[PDB]
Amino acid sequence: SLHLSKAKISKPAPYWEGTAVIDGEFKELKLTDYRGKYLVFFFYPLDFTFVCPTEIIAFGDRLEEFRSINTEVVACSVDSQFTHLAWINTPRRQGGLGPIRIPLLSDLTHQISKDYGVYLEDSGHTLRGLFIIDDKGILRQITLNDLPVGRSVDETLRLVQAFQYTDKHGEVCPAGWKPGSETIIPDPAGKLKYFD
């Protein structure tokens, strides 16, 4: 036994489609609906659990920071749309989500999880996997966390900003780059402007 997935960095993100809960309603959603925008596509283990609601809420409460840089966010677990909706209709105080502006996509058949290489065969759900997909549908970044440890909205934002910067300019982003940081001309002569 060894690890298989369709997700490859610099190649089109694996196509997905299914039912999502969007503003309390069931809707058809597909990867290609986001063509033209960056997409932060992330999986979480299970509705009605622990680290999961904090990550959905963390992104959800900061959604405008993504939308103002032309970036959408979609969360996905193996739960049904009916469980997603019941979880949204559970108050935050009870480990619920409350109203949420991020689509919750359902992957009940597990095909989307397997395609993205985040499915845990022994558990029947996913680990914490996040995928940054560009406006052309190309996969740029993959972040996979073991179960006990949540993700960072700050780090996700920095990555989206850096990919959009390098999309638009001839230069590349050094370690720890934030908007306004110095960049490098990827040329053996050009690079010296940065290194001096």
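Residue positions are given as counts along the sequence shown, with the first one as 1. The term rigid core refers to the most C-alpha atoms you can superpose between the two forms while keeping them within 1.5 Å.
Here the rigid core sets the fit, and in 5 other deposited structures of this protein the C-alphas of 43 to 51 stray farther than those of the other stretch, out of 43 to 51 and 56 to 64. Taking the mean C-alpha B-factor of each stretch as recorded, 38 to 46 and 166 to 174 are not equal, and the higher mean is that of 166 to 174.
Comparing 139 to 147 with 59 to 67, the stretch with the higher mean C-alpha B-factor in the PDB entry is 59 to 67. Set against one another, the Cα B-factors of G117, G124, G95, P103 in the record reach their highest point at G95. Sort the modelled residues of the chain by CA B factor and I133 lands in the lowest third. In the PDB entry, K8 places in the lowest third of its chain by CA B-factor. The deposited CA B-factor of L159 belongs to the middle third of values across its chain. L31: CA B factor in the lowest third of modelled residues in this chain (values from the PDB entry).
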